[PDB]
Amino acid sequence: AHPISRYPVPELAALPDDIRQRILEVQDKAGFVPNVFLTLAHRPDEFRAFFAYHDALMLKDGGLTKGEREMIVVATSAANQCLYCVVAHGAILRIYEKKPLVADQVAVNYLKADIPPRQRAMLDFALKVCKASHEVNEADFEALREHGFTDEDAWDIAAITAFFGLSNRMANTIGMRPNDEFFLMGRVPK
């Protein structure tokens, strides 16, 4: 087995109960524990805040579909050359939208991915928040509204981009390894 982190990966039995429950609850749904859970459990207080933030953005009722949210995470993680997040969320993207080819395209060159203008423009904003938020101006929000987004959708695209930047940096810094399961998941329909 290849190491999943550069840092100590604690034993499920050594972890506090609430952390342990979130990990098991994810194993139940997924069938395995994604390595982000295990690797970030090295620092319990950060694990708690990381997933709290994650949930607040990814589980909320919002203008962005669950698929679109993961698509944001894939395009921005590509930009940061983040192995784990590209691979982990590429799979989920494929599942959530039932499009086996789309995550690959968004990761290699989203400019040429088989997605609609509304989504392309969604990502354009995400890439700007990612690499150059200092230049975010009113024309940027106008561009999103031209496609039916509200400014609250803008905040949403921005917040996902922001938080998965936190996550890409942590994953790259510790060499967080994507589970084998993610590499094939969502590629074969039905």
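So that there is no doubt, residue numbering starts at 1 and follows the sequence shown.
Relative to its counterpart among 168-176 and 16-24, 16-24 has the higher mean temperature factor, C-alpha atoms as listed in the PDB entry. In this entry, 30-38 shows the higher mean Cα temperature factor of the pair 159-167 and 30-38. Ranked against the other modelled residues of its chain, the C-alpha B-factor of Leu59 as given in the entry falls in the highest third.
Compared with the other modelled residues of the chain, the Cα B-factor recorded for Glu152 ranks in the middle third. Per-chain ranking of the deposited C-alpha B factor places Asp124 in the lowest third. Ranked within its chain, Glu138 lands in the middle third, by CA B factor from the PDB record.
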